[PDB]
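Presented as structure tokens, the chain that follows is alone, the form deposited in one PDB entry.
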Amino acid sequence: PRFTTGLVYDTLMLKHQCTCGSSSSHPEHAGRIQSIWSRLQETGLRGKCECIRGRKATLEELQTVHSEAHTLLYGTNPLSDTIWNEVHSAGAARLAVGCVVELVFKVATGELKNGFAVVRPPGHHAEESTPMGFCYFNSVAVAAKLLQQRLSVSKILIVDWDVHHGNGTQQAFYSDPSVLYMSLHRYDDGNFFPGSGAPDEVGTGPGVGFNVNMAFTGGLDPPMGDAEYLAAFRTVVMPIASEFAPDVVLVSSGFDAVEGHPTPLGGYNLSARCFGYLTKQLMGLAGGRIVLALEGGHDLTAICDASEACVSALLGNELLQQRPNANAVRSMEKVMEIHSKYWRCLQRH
């Protein structure tokens, strides 16, 4: 077994790719994960991590999040800007889901300490019946549902540091107080992609208070960076996360917030190293039981750097104090004042 860092990856996920085979015309391409897998090798980090085997998720599992009609449509293949290979896409989308499910279940059962899924295509945008933002099935969401249904996990924490809002995951657990969805993302008063994820969307029914949207508003004037996300974790995420006290931690790990992402695909000035410190802060929760799933991040050098930092953090290795900008303070203060009504630590904000 080797109670240490885990990893999952499969070459069969590469075959979800347009027949034209170009990087430029389709940002979500096979090279996104292949570059990461090769970087983890070259840095020797793969040689220290245990590499688990991935499987295709069953239609029965996929329907823990999505409708049957939807799962049959993009899960089985007989005979605009979002691609779909008619031979290999169905299998790849299911492998992405299953790869996370397998890894998450290993880390949850104290077999591995923590893990990192190098999967594609992404998931957090994918709702019950509708695919958007180059997502089809919500791999992270399915893994959480299965943890509920098959390992009786009482309290799951989903952190989503992809720069875009995970509308699908928010939808999946909106009525659920046993799952806490935390999203740090570029919002800009609802005028970014996807456009949803307002701070005041706090959940519904039994799950009122367990949906937190750390929505940055004010735009790229100035752009957000390491200090602003660190302030977010320090004053909003970790406080509410520690109070929730989850048995497992899942991370919709999009690195599109990193430097070198143009103004539709990102526009923020975070560093790869910063995601190492965020991963480190999250490791303190759930007795170390954390697993990171790959979401977005087009720029290859940015995601390869960010992945190297996160995996090293998970192993237990290492590597300033800038103030958050006025817009970050203004954004953070809007979340705390809404979530003061549901969380003890924030009562007086």
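For clarity, a rigid core is taken as the largest C-alpha set superposing within 1.5 Å between two forms. Shifts are known only where both forms have a C-alpha. Numbering starts at 1 and runs along the sequence shown.
We do not show the form deposited in another entry, though everything after this point is about it.
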Listed options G91, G260, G209, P223; Cα moving by 2 angstroms or more between this form and the one not shown (core superposition) | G91
Rigid core fitted, is the C-alpha displacement of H339 between this form and the one not shown 2 Å or more?
-> no
Your call: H16 and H185 CA atoms, closer or farther in the other entry versus the shown structure, by 3 Å or more?
-> farther
Since the Cα separation of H16 and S129 moves by 3 Å or more in the other entry, tell me which way: closer or farther than here.
-> farther
Can you list the runs, three or more residues long, in which each C-alpha shifts by 2 Å or more between this form and the one not shown once everything is superposed on the core?
-> 15-21, 80-91
